[PDB]
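Below is query_30.txt, holding compact mmCIF, C-alpha atoms and all ligand atoms.
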# COMPACT_ATOMS: atom_id res chain seq x y z
CA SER A 29 191.56 215.57 -92.04
CA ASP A 30 194.31 213.40 -90.56
CA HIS A 31 193.55 210.40 -92.79
CA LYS A 32 193.68 212.50 -95.96
CA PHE A 33 197.08 214.08 -95.30
CA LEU A 34 198.60 210.87 -93.92
CA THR A 35 197.44 209.15 -97.12
CA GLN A 36 199.04 211.92 -99.16
CA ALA A 37 202.30 211.29 -97.29
CA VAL A 38 202.08 207.54 -97.98
CA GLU A 39 201.47 208.21 -101.67
CA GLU A 40 204.48 210.55 -101.67
CA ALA A 41 206.59 207.69 -100.30
CA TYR A 42 205.41 205.38 -103.08
CA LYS A 43 205.98 208.07 -105.74
CA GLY A 44 209.49 208.80 -104.47
CA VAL A 45 210.62 205.19 -104.58
CA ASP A 46 208.93 204.72 -107.96
CA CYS A 47 210.89 207.54 -109.59
CA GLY A 48 214.09 206.69 -107.71
CA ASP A 49 214.38 209.89 -105.67
CA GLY A 50 215.06 207.98 -102.44
CA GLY A 51 213.54 205.61 -99.91
CA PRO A 52 209.84 205.01 -99.18
CA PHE A 53 209.22 208.02 -96.97
CA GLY A 54 206.79 210.88 -97.48
CA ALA A 55 205.98 214.06 -95.60
CA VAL A 56 203.21 216.63 -96.07
CA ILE A 57 203.13 220.04 -94.35
CA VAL A 58 199.72 221.68 -93.97
CA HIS A 59 198.60 225.18 -92.91
CA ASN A 60 194.98 225.12 -91.69
CA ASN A 61 193.91 222.46 -94.23
CA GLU A 62 196.07 224.04 -96.98
CA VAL A 63 198.97 221.90 -98.18
CA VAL A 64 202.17 223.94 -97.98
CA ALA A 65 204.62 221.23 -99.05
CA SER A 66 204.33 217.63 -100.27
CA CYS A 67 207.64 215.81 -100.61
CA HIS A 68 209.43 212.48 -100.27
CA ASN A 69 212.94 211.30 -99.44
CA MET A 70 215.42 212.85 -101.90
CA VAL A 71 218.67 211.34 -100.59
CA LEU A 72 219.44 209.58 -103.87
CA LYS A 73 218.35 212.37 -106.23
CA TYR A 74 220.12 215.12 -104.26
CA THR A 75 223.17 213.10 -103.11
CA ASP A 76 222.26 214.41 -99.66
CA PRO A 77 221.88 212.10 -96.64
CA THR A 78 220.01 214.89 -94.80
CA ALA A 79 217.38 215.08 -97.57
CA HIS A 80 214.86 212.93 -95.72
CA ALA A 81 211.19 213.47 -96.54
CA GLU A 82 210.59 215.52 -93.38
CA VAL A 83 213.63 217.77 -93.83
CA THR A 84 212.80 218.28 -97.52
CA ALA A 85 209.20 219.21 -96.67
CA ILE A 86 210.39 221.63 -93.98
CA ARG A 87 212.83 223.31 -96.37
CA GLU A 88 210.17 223.66 -99.07
CA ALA A 89 207.46 224.94 -96.72
CA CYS A 90 209.80 227.47 -95.13
CA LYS A 91 210.92 228.75 -98.54
CA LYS A 92 207.31 229.01 -99.75
CA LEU A 93 206.08 230.87 -96.65
CA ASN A 94 209.19 233.12 -96.39
CA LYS A 95 209.71 232.36 -92.69
CA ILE A 96 211.92 229.97 -90.74
CA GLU A 97 209.21 228.89 -88.26
CA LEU A 98 206.18 226.78 -89.16
CA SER A 99 204.23 227.27 -85.93
CA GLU A 100 200.90 227.59 -87.76
CA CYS A 101 201.58 224.36 -89.65
CA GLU A 102 201.43 220.62 -89.01
CA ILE A 103 203.50 217.81 -90.51
CA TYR A 104 202.28 214.37 -91.61
CA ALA A 105 205.02 211.75 -91.89
CA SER A 106 204.48 208.40 -93.60
CA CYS A 107 206.98 206.93 -91.10
CA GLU A 108 208.01 207.89 -87.58
CA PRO A 109 210.64 210.65 -87.99
CA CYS A 110 214.24 209.74 -87.26
CA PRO A 111 216.34 211.65 -84.68
CA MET A 112 217.59 214.13 -87.32
CA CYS A 113 214.08 214.74 -88.67
CA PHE A 114 212.55 215.05 -85.21
CA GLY A 115 215.22 217.60 -84.34
CA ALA A 116 214.35 219.46 -87.55
CA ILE A 117 210.63 219.38 -86.68
CA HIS A 118 211.55 220.83 -83.28
CA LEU A 119 213.68 223.59 -84.81
CA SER A 120 210.99 224.46 -87.38
CA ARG A 121 208.50 225.11 -84.52
CA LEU A 122 205.87 222.93 -86.21
CA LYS A 123 202.96 222.65 -83.80
CA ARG A 124 201.75 219.10 -84.53
CA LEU A 125 203.20 215.86 -85.88
CA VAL A 126 201.10 212.96 -87.18
CA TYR A 127 202.96 209.87 -88.34
CA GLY A 128 201.71 206.60 -89.79
CA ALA A 129 204.10 203.68 -89.33
CA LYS A 130 206.39 202.94 -86.41
CA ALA A 131 210.13 203.08 -87.02
CA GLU A 132 210.34 199.31 -86.49
CA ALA A 133 208.47 198.82 -89.78
CA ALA A 134 211.34 200.54 -91.61
CA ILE A 135 213.98 198.78 -89.50
CA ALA A 136 212.39 195.46 -90.50
CA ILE A 137 213.49 195.92 -94.13
CA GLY A 138 217.08 196.86 -93.24
CA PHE A 139 217.05 200.54 -92.27
CA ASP A 140 219.21 201.80 -89.41
CA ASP A 141 218.13 200.98 -85.85
CA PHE A 142 217.91 204.74 -85.43
CA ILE A 143 215.04 206.03 -83.27
CA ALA A 144 214.43 209.49 -81.80
CA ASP A 145 214.56 209.41 -77.99
CA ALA A 146 212.69 212.72 -77.75
CA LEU A 147 209.78 211.36 -79.80
CA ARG A 148 209.36 208.33 -77.53
CA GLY A 149 210.09 210.33 -74.36
CA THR A 150 213.21 208.38 -73.38
CA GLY A 151 215.79 211.17 -73.14
CA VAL A 152 217.62 212.79 -70.26
CA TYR A 153 218.55 216.07 -71.96
CA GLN A 154 216.26 216.34 -74.99
CA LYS A 155 212.59 216.73 -74.06
CA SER A 156 209.63 217.52 -76.29
CA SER A 157 206.22 219.07 -75.69
CA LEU A 158 205.27 218.91 -79.38
CA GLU A 159 201.83 217.44 -79.94
CA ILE A 160 202.47 213.99 -81.44
CA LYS A 161 199.80 211.65 -82.79
CA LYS A 162 200.61 208.09 -83.80
CA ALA A 163 197.92 207.11 -86.29
CA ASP A 164 195.82 204.00 -85.72
CA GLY A 165 193.55 201.68 -87.66
CA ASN A 166 193.03 202.49 -91.35
CA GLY A 167 195.82 204.80 -92.45
CA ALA A 168 198.17 203.27 -89.90
CA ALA A 169 197.88 199.80 -91.44
CA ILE A 170 198.26 201.24 -94.94
CA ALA A 171 201.34 203.19 -93.82
CA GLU A 172 202.91 200.16 -92.15
CA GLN A 173 202.57 198.09 -95.33
CA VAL A 174 204.71 200.57 -97.33
CA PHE A 175 208.04 198.95 -96.46
CA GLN A 176 207.02 195.41 -97.36
CA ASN A 177 205.49 196.79 -100.55
CA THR A 178 208.56 198.72 -101.73
CA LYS A 179 211.56 196.79 -100.37
CA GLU A 180 212.40 195.30 -103.79
CA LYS A 181 212.24 198.65 -105.63
CA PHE A 182 215.13 200.59 -104.07
CA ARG A 183 218.60 200.23 -102.58
CA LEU A 184 219.19 200.88 -98.88
CA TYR A 185 221.10 203.93 -97.67
CA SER B 29 245.49 219.51 -86.96
CA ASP B 30 242.66 219.28 -84.43
CA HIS B 31 243.20 222.84 -83.18
CA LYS B 32 243.68 224.15 -86.74
CA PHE B 33 240.36 222.82 -88.03
CA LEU B 34 238.48 223.71 -84.83
CA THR B 35 239.79 227.27 -85.16
CA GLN B 36 238.65 227.30 -88.79
CA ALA B 37 235.14 226.27 -87.70
CA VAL B 38 235.17 229.10 -85.14
CA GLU B 39 236.28 231.50 -87.87
CA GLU B 40 233.35 230.31 -89.97
CA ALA B 41 231.02 231.08 -87.06
CA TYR B 42 232.40 234.62 -86.84
CA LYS B 43 232.13 235.07 -90.62
CA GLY B 44 228.52 233.93 -90.76
CA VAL B 45 227.64 236.31 -87.94
CA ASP B 46 229.42 239.18 -89.69
CA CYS B 47 227.64 238.69 -93.01
CA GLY B 48 224.20 238.00 -91.52
CA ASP B 49 223.96 234.44 -92.87
CA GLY B 50 222.90 233.05 -89.49
CA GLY B 51 224.06 232.36 -85.97
CA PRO B 52 227.58 231.97 -84.50
CA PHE B 53 228.16 228.36 -85.53
CA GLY B 54 230.70 226.84 -87.89
CA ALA B 55 231.62 223.39 -89.15
CA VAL B 56 234.59 222.02 -91.10
CA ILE B 57 234.66 218.55 -92.67
CA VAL B 58 238.12 217.13 -93.40
CA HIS B 59 239.51 214.04 -95.16
CA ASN B 60 243.01 213.16 -93.90
CA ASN B 61 243.91 216.82 -93.22
CA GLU B 62 242.33 218.08 -96.47
CA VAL B 63 239.33 220.36 -95.98
CA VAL B 64 236.31 218.95 -97.80
CA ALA B 65 233.81 221.53 -96.52
CA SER B 66 233.93 224.78 -94.55
CA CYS B 67 230.56 226.23 -93.59
CA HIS B 68 228.60 228.25 -91.05
CA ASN B 69 224.95 228.56 -90.09
CA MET B 70 222.83 229.68 -93.06
CA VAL B 71 219.37 229.62 -91.44
CA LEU B 72 218.72 233.32 -92.07
CA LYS B 73 220.38 233.40 -95.49
CA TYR B 74 218.47 230.38 -96.83
CA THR B 75 215.24 230.84 -94.83
CA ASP B 76 215.89 227.25 -93.75
CA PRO B 77 215.83 226.26 -90.06
CA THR B 78 217.60 223.00 -90.98
CA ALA B 79 220.55 224.92 -92.46
CA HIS B 80 222.70 224.65 -89.35
CA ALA B 81 226.47 224.80 -89.81
CA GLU B 82 226.88 221.04 -89.46
CA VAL B 83 224.04 220.17 -91.85
CA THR B 84 225.31 222.71 -94.39
CA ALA B 85 228.84 221.29 -94.17
CA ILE B 86 227.52 217.74 -94.59
CA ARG B 87 225.50 218.70 -97.68
CA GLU B 88 228.49 220.49 -99.22
CA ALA B 89 230.97 217.70 -98.43
CA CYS B 90 228.61 215.11 -99.88
CA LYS B 91 228.28 217.23 -103.03
CA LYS B 92 232.06 217.69 -103.21
CA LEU B 93 232.75 213.94 -102.95
CA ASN B 94 229.69 212.93 -105.04
CA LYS B 95 228.43 210.46 -102.44
CA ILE B 96 226.02 210.30 -99.50
CA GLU B 97 228.41 208.72 -96.97
CA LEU B 98 231.48 210.38 -95.45
CA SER B 99 232.95 207.41 -93.57
CA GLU B 100 236.51 208.57 -94.37
CA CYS B 101 235.97 212.11 -93.06
CA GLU B 102 235.87 213.90 -89.71
CA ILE B 103 233.82 216.93 -88.67
CA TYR B 104 234.84 219.88 -86.49
CA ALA B 105 231.98 221.87 -84.95
CA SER B 106 232.42 225.25 -83.27
CA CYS B 107 229.67 224.27 -80.82
CA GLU B 108 228.27 220.95 -79.61
CA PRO B 109 225.92 219.75 -82.39
CA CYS B 110 222.21 219.82 -81.62
CA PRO B 111 219.99 216.70 -81.88
CA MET B 112 219.17 217.41 -85.54
CA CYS B 113 222.82 217.93 -86.45
CA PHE B 114 224.02 214.92 -84.46
CA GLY B 115 221.41 212.79 -86.22
CA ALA B 116 222.66 214.13 -89.55
CA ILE B 117 226.23 213.29 -88.50
CA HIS B 118 225.05 209.76 -87.71
CA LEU B 119 223.33 209.37 -91.09
CA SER B 120 226.41 210.77 -92.87
CA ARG B 121 228.61 208.00 -91.34
CA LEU B 122 231.25 210.58 -90.37
CA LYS B 123 233.96 208.71 -88.49
CA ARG B 124 234.84 211.36 -85.89
CA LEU B 125 233.42 214.55 -84.37
CA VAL B 126 235.54 217.21 -82.66
CA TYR B 127 233.52 219.98 -81.04
CA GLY B 128 234.69 223.06 -79.19
CA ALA B 129 232.06 224.58 -76.90
CA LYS B 130 229.49 222.79 -74.79
CA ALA B 131 225.89 223.51 -75.79
CA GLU B 132 225.38 225.40 -72.52
CA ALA B 133 227.58 228.18 -73.90
CA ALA B 134 225.04 228.71 -76.69
CA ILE B 135 222.06 228.29 -74.35
CA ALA B 136 223.50 230.99 -72.08
CA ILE B 137 223.15 233.65 -74.81
CA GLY B 138 219.60 232.83 -75.89
CA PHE B 139 219.40 229.55 -77.85
CA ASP B 140 217.06 226.70 -76.96
CA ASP B 141 217.92 224.09 -74.36
CA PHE B 142 218.17 221.52 -77.15
CA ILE B 143 220.83 218.91 -76.36
CA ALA B 144 221.55 215.58 -78.05
CA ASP B 145 221.33 212.67 -75.60
CA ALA B 146 223.25 210.35 -77.94
CA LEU B 147 226.22 212.73 -78.01
CA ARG B 148 226.43 212.91 -74.21
CA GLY B 149 225.98 209.15 -73.80
CA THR B 150 222.46 209.27 -72.33
CA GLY B 151 220.54 208.05 -75.38
CA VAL B 152 218.40 204.91 -75.22
CA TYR B 153 216.87 204.60 -78.70
CA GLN B 154 219.74 206.46 -80.43
CA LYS B 155 223.22 205.02 -79.87
CA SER B 156 226.13 206.63 -81.68
CA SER B 157 229.40 204.82 -82.24
CA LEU B 158 231.47 207.54 -83.92
CA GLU B 159 234.46 208.84 -81.98
CA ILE B 160 233.68 212.10 -80.15
CA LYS B 161 236.22 214.60 -78.79
CA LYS B 162 235.33 217.62 -76.68
CA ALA B 163 238.02 220.26 -77.05
CA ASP B 164 240.05 221.38 -74.04
CA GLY B 165 242.43 224.22 -73.31
CA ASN B 166 242.85 226.86 -75.99
CA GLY B 167 240.30 225.30 -78.35
CA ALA B 168 237.64 225.25 -75.65
CA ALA B 169 238.52 228.84 -74.70
CA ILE B 170 238.16 230.05 -78.31
CA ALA B 171 234.91 228.16 -78.91
CA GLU B 172 233.37 229.42 -75.67
CA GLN B 173 234.49 232.99 -76.39
CA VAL B 174 232.57 232.88 -79.68
CA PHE B 175 229.28 233.37 -77.83
CA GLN B 176 230.34 236.27 -75.60
CA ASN B 177 232.03 238.02 -78.54
CA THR B 178 229.01 237.71 -80.85
CA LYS B 179 226.36 238.62 -78.25
CA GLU B 180 223.73 240.92 -79.80
CA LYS B 181 225.47 240.95 -83.20
CA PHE B 182 222.95 238.63 -84.89
CA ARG B 183 219.24 237.80 -84.84
CA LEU B 184 218.22 234.88 -82.64
CA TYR B 185 216.37 231.92 -84.17
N1 LIG C 1 213.03 210.18 -95.52
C1 LIG C 1 213.30 209.63 -94.17
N2 LIG C 1 212.80 210.29 -93.02
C2 LIG C 1 213.08 209.76 -91.72
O1 LIG C 1 212.66 210.31 -90.76
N3 LIG C 1 213.88 208.54 -91.58
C3 LIG C 1 214.40 207.86 -92.78
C4 LIG C 1 214.14 208.37 -94.03
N4 LIG C 1 214.74 207.57 -94.96
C5 LIG C 1 215.37 206.55 -94.29
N5 LIG C 1 215.16 206.74 -92.94
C6 LIG C 1 215.67 205.87 -91.88
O2 LIG C 1 214.34 205.22 -91.49
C7 LIG C 1 214.61 204.61 -90.35
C8 LIG C 1 213.46 204.73 -89.36
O3 LIG C 1 213.16 206.08 -89.16
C9 LIG C 1 215.95 205.31 -89.74
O4 LIG C 1 217.01 204.40 -89.85
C10 LIG C 1 216.20 206.33 -90.48
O5 LIG C 1 217.63 206.61 -90.53
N1 LIG C 2 224.29 226.13 -86.83
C1 LIG C 2 223.86 225.40 -85.60
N2 LIG C 2 224.29 224.07 -85.38
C2 LIG C 2 223.87 223.37 -84.20
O1 LIG C 2 224.23 222.26 -84.01
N3 LIG C 2 223.01 224.04 -83.22
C3 LIG C 2 222.56 225.43 -83.46
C4 LIG C 2 222.96 226.09 -84.60
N4 LIG C 2 222.41 227.35 -84.58
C5 LIG C 2 221.67 227.46 -83.43
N5 LIG C 2 221.77 226.27 -82.74
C6 LIG C 2 221.13 225.97 -81.46
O2 LIG C 2 222.38 225.92 -80.58
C7 LIG C 2 221.96 225.34 -79.47
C8 LIG C 2 222.95 224.29 -78.97
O3 LIG C 2 223.45 223.58 -80.07
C9 LIG C 2 220.53 224.62 -79.82
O4 LIG C 2 219.50 225.40 -79.29
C10 LIG C 2 220.45 224.62 -81.10
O5 LIG C 2 219.06 224.62 -81.55
ZN ZN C 3 214.73 211.39 -90.87
ZN ZN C 4 222.26 221.74 -85.27
Output the structure of this file as structure tokens.
Ligand SMILES: Nc1[nH]c(=O)nc2c1ncn2[C@@H]1O[C@H](CO)[C@@H](O)[C@H]1O
Ligand SMILES: Nc1[nH]c(=O)nc2c1ncn2[C@@H]1O[C@H](CO)[C@@H](O)[C@H]1O
Ligand SMILES: [Zn+2]
Ligand SMILES: [Zn+2]
Amino acid sequence: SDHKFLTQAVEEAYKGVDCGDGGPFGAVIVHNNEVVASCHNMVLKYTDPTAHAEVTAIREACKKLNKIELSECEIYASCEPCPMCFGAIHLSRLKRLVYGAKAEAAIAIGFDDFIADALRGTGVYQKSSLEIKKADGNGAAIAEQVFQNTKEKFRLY
Amino acid sequence: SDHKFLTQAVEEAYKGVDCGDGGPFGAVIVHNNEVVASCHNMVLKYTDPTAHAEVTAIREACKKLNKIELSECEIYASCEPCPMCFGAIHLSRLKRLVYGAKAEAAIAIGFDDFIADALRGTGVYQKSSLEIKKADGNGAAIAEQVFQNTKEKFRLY
């Protein structure tokens, strides 16, 4: 099931840059194999620097399910969530995070050197016990190639 | 000016508690002593766990100025911003953060131990460079009093 939803997130990233909504980032939120939300970065469309793919997906899922906690749900991120998005995933009580590409793949095409300490377990104050899976092989390679594929199609932010 | 806008953020916290919008947290974004945004936590009102006071104020200031960067603006938070909110402040390019109460004041009345390493200077993968001021004296007293005054007046989240 992981490959399918990670692929959906990657396709959301491509779709979002293609229609100009934002950068090449997708996020899918799933409730026991049922897709709750499927979104991409909307920073450009919304004029909202917090409208990353993960935050947008969390907002949509929470509005659809009429609750502020997503503890029965899991999130699939095309790219490793940034500090803001990882904080949002923590606050939303999502129980599992699967992400495709490492943050360095996005940094390689000019994005901020902006990595979540709690995700990589490098913090003093912020800890995390959230189940985190970094994808490997198939979908991981496809997810990593997103930034080289789309870097000519959008403006950095 | 610092005390004025910090007190306004505290007032926003009290207002949001009184109207049931969310928790006792406020945020005021200013541009050269002109208020661009004045907000409080809207998590309960919006059914949105990302709708912290700081994130809400950033969204509204970015809408008000029709741009996704606030490099000319400063933010005043009633309480020390959480990791999600501090990441949002980073992405917003806000030039200065003034916060009133340490996060322990909010933890002491039931909120998560959820502290931003990059704000306290203990981050490894996240390094802020914006100017940060922790309020002292009367501002600190007011901000800390927020949490004892609003105890059991709102619903925890
Ligand atoms: N929709 C999104 N979701 C997310 O988590 N991060 C995003 C993002 N759009 C751009 N970024 C930046 O990507 C780099 C590596 O994470 C960091 O510089 C981030 O600021
Ligand atoms: N509107 C808000 N803005 C913010 O930054 N943090 C908020 C918050 N509402 C609750 N919190 C929690 O307060 C504690 C210390 O910050 C952490 O547990 C946070 O999760
Ligand atoms: Zn993010
Ligand atoms: Zn916050």
At a cut-off of 6 Å, list the chain A residues touching chain B, using all atoms listed in the file, as a PyMOL selection string. chain A and resi 75-78+87+96+111-112+115-116+120+142-143+145+153-154
For a cutoff of 6 Å around the file-coordinate point (201.1, 213.2, -91.9), which residues qualify once you count all atoms listed in the file? I'd like the result as a PyMOL selection string. chain A and resi 33-34+37+56+103-105+126-127
What separation in Å, quoted to one decimal, exists between atom CA of residue A:50 and atom CA of residue A:64? 21.0 Å
Would you mind reading off the distance between atom CA of residue A:69 and atom CA of residue A:43, one decimal, in Å?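 Computing it gives 9.9 Å between the two atoms.
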Polymer residues at most 10 Å from (239.5, 208.9, -89.9) by all atoms listed in the file, as a PDB file with C-alpha atoms, in the coordinates of the input:
ATOM      1  CA  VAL B  58     238.120 217.130 -93.400  1.00  0.00           C
ATOM      2  CA  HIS B  59     239.510 214.040 -95.160  1.00  0.00           C
ATOM      3  CA  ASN B  60     243.010 213.160 -93.900  1.00  0.00           C
ATOM      4  CA  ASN B  61     243.910 216.820 -93.220  1.00  0.00           C
ATOM      5  CA  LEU B  98     231.480 210.380 -95.450  1.00  0.00           C
ATOM      6  CA  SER B  99     232.950 207.410 -93.570  1.00  0.00           C
ATOM      7  CA  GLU B 100     236.510 208.570 -94.370  1.00  0.00           C
ATOM      8  CA  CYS B 101     235.970 212.110 -93.060  1.00  0.00           C
ATOM      9  CA  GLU B 102     235.870 213.900 -89.710  1.00  0.00           C
ATOM     10  CA  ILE B 103     233.820 216.930 -88.670  1.00  0.00           C
ATOM     11  CA  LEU B 122     231.250 210.580 -90.370  1.00  0.00           C
ATOM     12  CA  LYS B 123     233.960 208.710 -88.490  1.00  0.00           C
ATOM     13  CA  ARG B 124     234.840 211.360 -85.890  1.00  0.00           C
ATOM     14  CA  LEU B 125     233.420 214.550 -84.370  1.00  0.00           C
ATOM     15  CA  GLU B 159     234.460 208.840 -81.980  1.00  0.00           C
TER      16      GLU B 159
END
Separation of atom CA of residue B:135 from atom CA of residue A:85, in Å and rounded to one decimal: 27.3 Å
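Around residue A:129, within 7 Å and counting all atoms listed in the file, the residues found are residues 106, 107, 108, 168, 171 and 172 of chain A, once anything fewer than 5 positions away on its own chain is removed.
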List the neighbours of residue A:47 out to 12 Å using all atoms listed in the file; skip same-chain residues closer than 4 positions along the sequence, and give me the result as a ChimeraX atom specification. /A:40-43,51-52,68-70,72-73,181-182
Selection file, C-alpha atoms, as a tab-separated table (two decimals), in the frame of the given file:
chain	number	residue	atom	x	y	z
A	40	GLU	CA	204.48	210.55	-101.67
A	41	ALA	CA	206.59	207.69	-100.30
A	42	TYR	CA	205.41	205.38	-103.08
A	43	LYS	CA	205.98	208.07	-105.74
A	51	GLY	CA	213.54	205.61	-99.91
A	52	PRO	CA	209.84	205.01	-99.18
A	68	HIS	CA	209.43	212.48	-100.27
A	69	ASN	CA	212.94	211.30	-99.44
A	70	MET	CA	215.42	212.85	-101.90
A	72	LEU	CA	219.44	209.58	-103.87
A	73	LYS	CA	218.35	212.37	-106.23
A	181	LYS	CA	212.24	198.65	-105.63
A	182	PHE	CA	215.13	200.59	-104.07
Counting only C-alpha atoms and all ligand atoms, the residue of A:134, A:160, A:170, A:57 that sits nearest ligand LIG 1 (chain C):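 Result for the nearest residue to ligand LIG 1 (chain C): A:134.
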Compare B:184, B:53, B:147, B:67 by their minimum atom-to-atom distance to ligand LIG 2 (chain C), counting all atoms listed in the file, and give me the closest one. B:53
